[PDB]
Amino acid sequence: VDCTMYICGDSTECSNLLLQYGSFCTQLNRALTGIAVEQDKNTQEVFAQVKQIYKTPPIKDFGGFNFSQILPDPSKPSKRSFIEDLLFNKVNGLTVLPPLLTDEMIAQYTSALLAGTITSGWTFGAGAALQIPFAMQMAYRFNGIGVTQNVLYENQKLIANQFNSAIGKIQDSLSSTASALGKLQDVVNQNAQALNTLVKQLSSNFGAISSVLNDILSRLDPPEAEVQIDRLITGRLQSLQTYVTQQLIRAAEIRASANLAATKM
Amino acid sequence: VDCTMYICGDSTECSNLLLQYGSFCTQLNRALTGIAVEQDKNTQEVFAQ
Amino acid sequence: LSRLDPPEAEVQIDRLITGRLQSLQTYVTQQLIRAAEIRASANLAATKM
Amino acid sequence: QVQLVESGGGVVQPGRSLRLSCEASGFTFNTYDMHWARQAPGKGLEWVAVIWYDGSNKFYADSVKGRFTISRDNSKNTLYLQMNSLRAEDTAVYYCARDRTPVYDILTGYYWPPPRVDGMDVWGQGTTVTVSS
Amino acid sequence: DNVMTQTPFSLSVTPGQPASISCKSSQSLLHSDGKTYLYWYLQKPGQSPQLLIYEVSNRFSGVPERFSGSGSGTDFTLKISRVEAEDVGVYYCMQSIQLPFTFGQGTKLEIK
Amino acid sequence: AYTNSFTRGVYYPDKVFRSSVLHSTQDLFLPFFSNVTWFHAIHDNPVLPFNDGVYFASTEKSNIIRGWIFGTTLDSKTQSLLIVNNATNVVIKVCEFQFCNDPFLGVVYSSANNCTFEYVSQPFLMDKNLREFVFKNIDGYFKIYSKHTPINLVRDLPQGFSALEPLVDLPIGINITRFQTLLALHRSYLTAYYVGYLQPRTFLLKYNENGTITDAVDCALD
Amino acid sequence: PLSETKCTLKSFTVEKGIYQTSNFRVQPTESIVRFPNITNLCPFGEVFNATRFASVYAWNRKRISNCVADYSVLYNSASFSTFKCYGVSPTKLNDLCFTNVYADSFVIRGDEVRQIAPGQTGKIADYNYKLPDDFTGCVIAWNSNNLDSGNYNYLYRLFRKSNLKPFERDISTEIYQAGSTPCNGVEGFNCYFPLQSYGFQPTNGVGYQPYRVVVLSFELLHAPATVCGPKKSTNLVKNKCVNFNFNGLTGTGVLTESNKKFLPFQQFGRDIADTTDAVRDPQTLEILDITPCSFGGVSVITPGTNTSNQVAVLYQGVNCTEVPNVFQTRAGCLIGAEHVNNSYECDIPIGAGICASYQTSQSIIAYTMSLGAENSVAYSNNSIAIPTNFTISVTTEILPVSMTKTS
Ligand SMILES: *[C@@H]1O[C@H](CO)[C@@H](O)[C@H](O)[C@H]1NC(C)=O
Ligand SMILES: *[C@@H]1O[C@H](CO)[C@@H](O)[C@H](O)[C@H]1NC(C)=O
Ligand SMILES: *[C@@H]1O[C@H](CO)[C@@H](O)[C@H](O)[C@H]1NC(C)=O
Ligand SMILES: *[C@@H]1O[C@H](CO)[C@@H](O)[C@H](O)[C@H]1NC(C)=O
Ligand SMILES: *[C@@H]1O[C@H](CO)[C@@H](O)[C@H](O)[C@H]1NC(C)=O
Ligand SMILES: *[C@@H]1O[C@H](CO)[C@@H](O)[C@H](O)[C@H]1NC(C)=O
Ligand SMILES: *[C@@H]1O[C@H](CO)[C@@H](O)[C@H](O)[C@H]1NC(C)=O
Ligand SMILES: *[C@@H]1O[C@H](CO)[C@@H](O)[C@H](O)[C@H]1NC(C)=O
Ligand SMILES: *[C@@H]1O[C@H](CO)[C@@H](O)[C@H](O)[C@H]1NC(C)=O
Ligand SMILES: *[C@@H]1O[C@H](CO)[C@@H](O)[C@H](O)[C@H]1NC(C)=O
Ligand SMILES: *[C@@H]1O[C@H](CO)[C@@H](O)[C@H](O)[C@H]1NC(C)=O
Ligand SMILES: *[C@@H]1O[C@H](CO)[C@@H](O)[C@H](O)[C@H]1NC(C)=O
């Protein structure tokens, strides 16, 4: 938010008055800039854990496992997976800065993580990615949960069929009318609601003769206009401070969620 | 908290004057309702495992 | 409201509303911060469960 | 007397764009809808396009859709027709014509009849547009 | 589209004799407001058209009283009480009920 | 008799363009699903109160209704407003009319005297279809909104929705408390429509992309 | 821009990074006024120079519309002893637009004219003529001894059941009763005829001689402006940032041809935020879309004053056609940095996957981020890689624990 413009745009008469409140606008701009930097930090922390961009091999011989839905779709302009495409479809005085990482770059990071997990599993996290057949990887992962390897190898086909059916069920459930993505839609709705409430507060007169600064500056002389402009300044400054405080609380909540997501990754 | 009642209960004059400040009361009610729902969510996620 | 006419009663009521609204805003902000703390504690409790 | 004076004719090649113009005087220009009509040589009349009094609503005939852009400037009392993408059949004399129905004067409190396009009231002198190799 | 026709394509009339020239339409020209939207234009040899009849029976201001017309639905006709020498020209009938405005093919009026 | 107004009688509160927005407004609207008095004037036209605003509706094949009368006493003692449409023109004037017991028009009638305002233009009533009107008189302005819609329901107002747009906006500034409709008759024997009174209500108006109101909510209904 | 960064940081040295120093706003190139083309002057003469003013109890109201209202002549006239305006300044009246201006003219005794103002009390304010608390208008009064004096025709209401609402008038003449008896048509016990005349003798005491007073009331909410000052309309201009004034609606923005389907009675259009975004020009009657003039934050990319004094400036969310090396970055078009087709690790972030750095005769470059080195894992259904060696890695991690205990 441009604090000077939001409180009073294209009116030096107010801008001179707004200086008497000191550095509130600088504080608000600094806080919003901190939140903005925090968002890029969160995205980097969650997604940028790969030291290299691992490519899935051209031949999908993963022992019956079918990752076509989760792996990148080559034909698309943006290289998102099928399930990623389903996910993406289902979700003044102030400006919205763009993310540092575009959706293409986040998709690239996700594809790198998928390729590393599929081809090398746990190893690329520890160091250089060490290839291993996917059957043997899932075999050890069975061995990690107290189930011997022969339990997997003796019924590998059933395991692969179950995994494929589960992925297909996820695809079907997500493509349906189900609202499973309500958690991200809540973030979007909260941001939109906060911005709309901030904008609507400009219509409030806060006891002034009119909510429009141009009306006050056209109708009244400077000494008579000043007392109304002061009321409008106080009201709009209070609204902007409330908005920035709410954004700080929401940013703390999102930071906690992003730390949890980074740990989960 | 009912914002209008707290700031001024049963006073239509102050109720009219309070509309000039806009949607502060609705904002505060929304925030408190969010906190209230969040408490139930906390108890649910802790105990309903 | 019983002592003063509307033109002076409004002047008094404006500052009274300002004070009460500021108090309510501070209360709601404190409650939001405390709710964030309690949510952190509840997430920890759910993880421990 | 109602005055309409077309302008902007001449000979041209197929494929380029051209502009016709119509001066207007002797009446309140901005409150009247305006029509463009043409008469190809040796054949009957053809309504080309109409523009609303404020320029908000524009309509054109089936033979000219997508191509022609009708516009006006109420300050200069002028009417225009941008003749984008010509072919031979556009060879015709062209007339700017007034609408019989002006819109209600809003300074009076009465807002009836609703503003509607009606036939051509007064026709201008006319100018010839020839397009051919 | 509201295609329209006029007959006869050319009517030859002695001076002073009454004349009758017809117009027709594919769809009814009566509008929901109750008006029947038909416009007629006279184009004498060598200038732009001139409006004569603006509603089916309403003659335009400045038109001589000899011009008159009537009709309903899809059949319309204009009557001239007595043809004078300046009445030579082509008569075009036109609907304004719907856009585009569609003219008839036109009909000539001449002296015998 | 009485009938139910199924969301009829909503109008554009102000002459400001709004498109693709849900606007909440406070104005004198007809409440949804309210009791509208149905007058079977043809086998009379009583003088009715003007309670802050009136919603008037009618549907006939022969357009018997032609105008309205407004005022307080409807006699020479007080200023009165007249609106009436004959076969060719409307006439609006504000005069100390000495109205008779049965105002109407013959195959044509007036009682004007000693007055200030007059106006003439095309008629908004013409020679199946429902004609709706809303009358207001506030802040010195007398206003009429109107909308015409085809129907097929015989003896009740339709379930559909259609907003009434302005038709008259005059700064007449006279005191109005009573009104009376007037009819056209083929006889002069001096001795059909629905009525509903507006109330202050908060409405939420949906403006579509073309600027027309397509739906509304009566906040106090339920 | 480097000095701007130094000034906003309040330090002579600047670290490597990107700093928002100021806000860019393309300035209005021209001033535009579009008032309605009303020619006739306003009949203020018959309001002030009327032959006779109504009594204060029965104040006469005139409606004023379709005017080029010149308030400078009224303001500069020496006749008016009291020229007091509440919701507007007298000097500004020659540049405002109003709808349906009222003029309430009546005659009144001298010293009690002070009761004619918002929130006042007293017999005239309470029981004869009261202005609203939010009154927007002017009260104009002057001596009228030479015209209204003795003379006893003018009256004022003394007795009345309750205080009048604003802008209502009482004409009733029945005998008011202060006593309890039914004083029907008779001045019984503590009962009086409500109206009694003023004693306007030709040489009455100071403050008792008659005053003629005219009160102008303005309405601003209604859309169509009917009374406007004698300003001169400027030629319209489009597609550039200008200050505009349509019927007194002051503003700044870019005017563009509108596709909105305004009805003829509609003059303004309102956005979802309930702010004016379209307007009908009051002379050409055409609808013009109003959009804000382009603006955005200004960010300075600095390699660090210890490194170099060269900097690059990012104008956020603007097109370089409006800004006055140049490069149209998606996060606002960037100047002072040269685009390079290579890709490197993000040194100084900008946005939309583009960063900047100071590199080789050196200059500030701009490039798309390289997420990492490409790697194709040699996966096969019967191939495994096993480490034959290891390296013990000690990595430091820093975590805040506490902050200073201020009080
Ligand atoms: C993998 O699943 C897709 C459907 O998502 C299917 O089209 C494809 O044939 C499958 N391939 C294998 C090898 O199972
Ligand atoms: C009022 O409305 C109710 C329900 O619509 C109806 O039952 C009742 O008869 C009506 N009464 C009158 C007096 O209109
Ligand atoms: C309006 O007229 C009514 C009579 O119907 C009367 O009782 C009332 O006092 C009048 N009000 C005003 C303000 O003239
Ligand atoms: C309609 O009334 C006007 C006067 O208001 C009159 O001039 C006109 O002749 C009338 N028309 C008919 C058909 O009675
Ligand atoms: C006209 O009306 C005025 C005001 O009501 C009244 O004073 C006058 O006597 C009336 N004149 C006639 C002829 O009715
Ligand atoms: C809006 O107007 C256009 C053009 O007249 C029309 O095609 C459309 O049906 C109207 N309604 C909507 C909802 O777009
Ligand atoms: C106003 O209208 C007159 C009408 O003759 C016209 O000449 C003039 O150009 C218009 N505009 C101005 C600014 O006077
Ligand atoms: C009233 O009369 C005086 C006489 O000189 C004149 O100057 C003035 O313009 C007139 N009108 C007003 C409103 O004062
Ligand atoms: C400037 O940077 C260089 C290289 O990082 C460093 O060696 C030097 O100490 C720095 N000087 C200052 C004054 O910071
Ligand atoms: C910048 O402006 C020019 C001219 O208006 C336009 O052609 C171009 O597409 C714009 N570019 C962007 C990215 O907005
Ligand atoms: C960089 O890429 C652009 C677009 O492909 C090309 O026009 C330009 O010549 C390239 N420059 C260099 C130095 O490779
Ligand atoms: C393992 O690496 C170390 C250096 O880190 C080297 O000294 C040692 O010889 C290596 N051992 C083998 C078996 O390669």
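Trainee: Any chance you could explain the site of ligand 4 here in plain terms?
Mentor: Residues and elements named next belong to chain F. Around ligand 4, the neighbouring residues are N86, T88 and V91. A distance of 2.9 Å separates a nitrogen atom of ligand 4 from a polar atom in the side chain of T88. Relative to its unbound accessible area of 370 Å², ligand 4 is 44% covered by the protein chains.

Trainee: Would you mind showing me how to read the interface of chain A and chain G here?
Mentor: Often, the extent of an interface is quoted as the loss of accessible area on bringing the components together. At the interface, 43 residues of chain A touch 47 residues of chain G. Of the roughly 3,800 Å² buried where chain A meets chain G, counting both sides, 58% is carbon and sulfur surface. Per-residue buried area on chain A facing chain G is highest for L100, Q131 and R219 of chain A; these three make up 19% of the total on that side. Run the count over chain A and chain G and you get 2 salt bridges. One can count 15 residue pairs in polar contact joining chain A with chain G. Breaking the side of chain A that touches chain G down by element, the ones donating at least two residues are helix 1 (3-7), strand 1 (52-55), helix 5 (103-119), helix 7 (134-144) and helix 11 (213-219) of chain A. Here the element with the most residues in the side of chain A that touches chain G is helix 5 of chain A; it accounts for 5 residues.

Trainee: How should I be thinking about the UniProt feature "disulfide bond" in chain A in this particular structure?
Mentor: All names here are of chain A. Of the UniProt disulfides, the one joining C3 and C25 is satisfied here, as the sulfur distance of 2.0 Å falls under 2.5 Å. Here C25 lies in helix 3 (residues 24-47) and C3 lies in helix 1, a separation of 22 residues in the sequence. Across the pair, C25 and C3 agree in class, each one buried. At 2.0 Å, the distance between the sulfur atoms of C8 and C14 falls under 2.5 Å, matching the disulfide given in UniProt. Accessibility classification places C8 together with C14 in one group, the buried group.

Trainee: Just checking my understanding: could you explain a nonpolar patch on the surface for this structure?
Mentor: A cluster of nonpolar side chains, contributed by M136 and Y153 of chain A together with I384 and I386 of chain G, occupies part of the molecular surface with about 390 Å² of accessible area. With respect to the secondary-structure elements, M136 of chain A resides in helix 7.

Trainee: Where do I start with helix 1 (residues 6-48) of chain C in this structure?
Mentor: In an α-helix there are 3.6 residues to a turn, and that puts residues three or four apart on one side. Under the 1.5 Å per step criterion, the end-to-end length of helix 1 of chain C is 60 Å for 43 residues, consistent within 8% with the ideal 63 Å. Every buried residue of helix 1 of chain C is listed here: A9, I13, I17, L21, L24, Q25, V28, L32, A35, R39, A42 and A46 of chain C. Turning to helix 1 of chain C, the residues buried within the fold contact helix 12 (222-264) of chain A together with helix 1 (3-7), helix 2 (12-19) and helix 3 (24-47) of chain B.

Trainee: Would you explain the UniProt feature "disulfide bond" in chain F in this entry?
Mentor: Between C95 of chain F and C115 of chain F, where UniProt annotates a disulfide, the S-S separation is 2.0 Å; being under 2.5 Å, the link is counted as present. Note on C95 of chain F: relative accessible area 0%, which makes it buried.

Trainee: Is there a simple way to think about the packing of aromatic side chains in this case?
Mentor: Each aromatic ring pair is described using two quantities: the centre-to-centre distance and the angle formed by the ring planes. Here the structure, examined in full by the defined rule, presents 68 aromatic pairs over all chains. Relative to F179 of chain F, the ring of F50 of chain F has its centre 6.1 Å away and its plane inclined at 85°; by these criteria the two rings are edge-to-face. Among the residues examined, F50 of chain F registers a relative accessible area of 7% and is labelled buried. Since its relative accessible area comes to 1%, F179 of chain F is described here as buried. Summarising the aromatic geometry, the rings of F159 of chain G and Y176 of chain G are spaced 6.3 Å apart at their centres and angled 20° between planes, so their arrangement reads as stacked. Taken together, the residues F159 of chain G in the loop between strand 8 (155-157) and strand 9 (176-177) and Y176 of chain G in strand 9 connect sequence positions 17 residues apart. Judged by relative accessible area, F159 of chain G falls into the partly exposed class, the value being 25%.

Trainee: Help me understand the arrangement of the chains in this model?
Mentor: In this assembly, 9 pairs of chains are in contact, and the pair with the greatest number of contacts comprises chains A and G. Of all C-alpha pairs spanning chain A and chain E, none lies closer than 41 Å, and the two are not in contact. The two units chain A and chain F are non-contacting; their minimal C-alpha-C-alpha distance is 13 Å.

Trainee: I'm lost on the environment of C22 of chain D in this one. Help?
Mentor: Residues and elements named next belong to chain D. Take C22: it is sitting in strand 3 (residues 19-25). Overall, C22 belongs to the buried group, its relative accessible area being 1%. When the C-alpha positions of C22 and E6 are compared, they lie 4.1 Å apart, and in sequence the two are 16 residues distant. Those residues in contact with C22 that sit more than four places away from it in its chain are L4, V5, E6, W36, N77, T78, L79 and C96.

Trainee: Is there a simple way to think about the sheet that holds strand 16 (residues 268-270) of chain G in this case?
Mentor: Within a sheet, each strand pairs with its neighbour through backbone hydrogen bonds, oriented either parallel or antiparallel. All names here are of chain G. The mixed open sheet is built from 6 strands, whose spatial order is 2-14-15-18-17-16. A single partner strand is all that each edge strand has here, and the edge strands are strand 2 (30-31) and strand 16. Pairing analysis gives 2 bridges linking strand 2 to strand 14 (residues 241-246), with the strands arranged parallel. Of the residues in strand 14, the one forming a bridge with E30 is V242.

Trainee: Can you help me understand the side chain of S65 of chain G in this one?
Mentor: Residues and elements named next belong to chain G. On the secondary structure map, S65 appears in the loop between strand 3 (60-64) and strand 4 (67-68). A distance of 2.4 Å separates a polar atom in the side chain of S65 from a polar atom in the side chain of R63. Excluding residues that lie within four positions of it along the chain, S65 makes contacts with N100, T226 and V227.

Trainee: How should I be thinking about empty space enclosed by the protein in this particular structure?
Mentor: All names here are of chain F. Approximately 70 Å³ is the volume attributed to the largest cavity. Lining of the largest cavity is provided by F56, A57, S58, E60, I65, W68, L125, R131 and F133. When contributions to the lining of the largest cavity are tallied by element, the ones reaching two or more residues are strand 5 (54-58), strand 6 (65-71) and strand 11 (129-138). A total of 3 residues in the lining of the largest cavity trace back to one element, the largest contributor, which is strand 5. Each pocket or cavity is described by its volume, and for the second largest cavity that value is around 50 Å³. Considering the residues around the second largest cavity, the lining is formed by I69, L82, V84, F97, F99, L105, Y109, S110, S111 and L182. When grouped by side-chain class, the residues that make up the lining of the second largest cavity number 8 nonpolar, 2 polar and no charged.

What counts, and at which threshold
Residues numbered from 1 in each chain as written, not as in the entry; some residues may be left out. Chains lettered and ligands numbered in written order. Part of a larger assembly, values for the part shown. Heavy atoms only, no water. Near = heavy atom within 4 Å. Polar contact = N/O pair within 3.5 Å; in protein donor to acceptor, adjacent residues only side chain to side chain. Areas by Shrake-Rupley, 256 points an atom, 1.4 Å probe, with all protein chains shown as cover. Contact = heavy atoms within 4.5 Å. Buried area = accessible area lost by both parts, 1.4 Å probe. Salt bridge = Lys/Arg side-chain N within 4 Å of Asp/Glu carboxyl O. Helix = DSSP H or I, 4+ residues; strand = E, 2+ residues; numbered from the N terminus. Disulfide = S-S within 2.5 Å. UniProt positions renumbered as here; feature names shortened; annotations may be inferred. Buried < 20%, exposed > 50% of the residue type's maximum accessible area, 1.4 Å probe, protein only. Patch = residues over 30% accessible without salt bridge, like charges linked within 9 Å, V, L, I, M, F, W, Y side chains within 5 Å. Expected span 1.5 Å × (residues − 1). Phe/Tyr/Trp six-rings, centres within 6.5 Å; stacked < 30°, edge-to-face > 60°. Pairing = 2+ DSSP bridges. 1 Å grid on protein atoms, 1.4 Å probe; cavity = no way out; pocket = protein on both sides within 12 Å on 5 of 7 lines; lining within 4 Å. Points joined across faces, edges and corners; volume = space filled by probe spheres on them. Nonpolar A, V, L, I, M, F, W, Y, C, P; charged D, E, K, R; others polar.

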